[PDB]
Amino acid sequence: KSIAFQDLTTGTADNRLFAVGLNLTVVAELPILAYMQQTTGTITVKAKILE
Amino acid sequence: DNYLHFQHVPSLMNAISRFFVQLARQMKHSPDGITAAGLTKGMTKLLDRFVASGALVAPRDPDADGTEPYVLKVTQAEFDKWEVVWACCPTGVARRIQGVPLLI
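Going down the list, the protein sequences come from chains B and v.
Per the deposited numbering, the very first residue in the first sequence carries number 210; after that it's consecutive.
Per the deposited numbering, the very first residue in the second sequence carries number 425; after that it's consecutive.
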């Protein structure tokens, strides 16, 4: 939202040219991935009576 | 002779099994899914509730067995096979009583 333009020419005493500059910043979320190896297994559930 | 011919002993375990089934069905919709870490917290909560209701009691002999009413443990052999087991000490019933009169 904040916009402000800066002048870049001393004057029209040399070339008759008008120049104006602006500065911007860009925020980017670069992704990095770590390779994995997949294996399968099993989980079993049992119920027991103590002693 | 398995302490099973008493009516309530199968009833407690059947109720706990039904509760576990309902918990596991809901857990399957979680992002990770069924996990050994996830299956311990819920079981601890339900077993604590059952202890609070009075269904599970401490072992009769504190020397031989620990004071805890239930033991929940997870064991791992290799990486493919996991195992989750819980043991319980059911409440007893009072059905046979004997009196012995004496004379001073």
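C-beta atoms are modelled at their ideal positions from N, C-alpha and C, and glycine is treated no differently.
* Count the C-beta pairs between the stretch 510 to 518 of chain v and the stretch 471 to 486 of chain v that are closer than 8 Å, then say yes if the count reaches three, no if not. => yes
* To do: Find the nearest neighbour of B:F214 within the set B:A243, B:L233 and B:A222, judged by alpha-carbon distance.
  => Along the first sequence, read from residue 1 onward, the residue named residue 214 of chain B stands at position 5. Ranking B:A243, B:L233 and B:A222 by Cα distance to B:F214 puts B:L233 first.
* chain B contact for v:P483 (CB, 8 Å cutoff) -> Along the second sequence, one-based indexing puts residue 483 of chain v at 59. Judged by the 8 Å Cβ criterion, v:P483 is in contact with chain B.
* To do: Let me know the secondary structure DSSP gives v:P434 once reduced to three states.
  => As a first step, residue 434 of chain v is located in the second sequence; it is residue number 10 there, counting from the start. v:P434: helix per DSSP, three-state reduction.
* Secondary structure, beta strand (DSSP E): runs of 3+ residues fully inside the stretch 468 to 504 of chain v -> 495 to 501
* Any 3 or more C-beta pairs closer than 8 Å across the stretch 218 to 237 of chain B and the stretch 488 to 495 of chain v -> no
* Anyone know if the C-beta pair for v:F503 and B:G250 falls short of 8 Å? -> Locating residue 503 of chain v in the second sequence gives position 79, counting from the first residue. Locating residue 250 of chain B in the first sequence gives position 41, counting from the first residue. Between v:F503 and B:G250, the CB-CB gap stays under 8 Å.
* **Minimum Cβ-Cβ distance from v:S477 to chain B less than 8 Å** => Here residue 477 of chain v corresponds to residue number 53 of the second sequence, with the count starting at 1. The Cβ of v:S477 sits no closer than 8 Å to any Cβ of chain B.
* To do: Can you pull the chain D residues whose beta carbon is under 9 Å from the beta carbon of v:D489, in chain order?
  => Given the protein chain composition of this structure (B and v), no chain D is represented.
* **Neighbourhood of B:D223 by C-beta distance below 6 Å, restricted to the same chain and skipping five residues each side** => Residue mapping note: residue 223 of chain B aligns to position 14 of the first sequence, counting from 1. Closer than 6 Å at the Cβ level, and outside the excluded window around B:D223, lies no residue.
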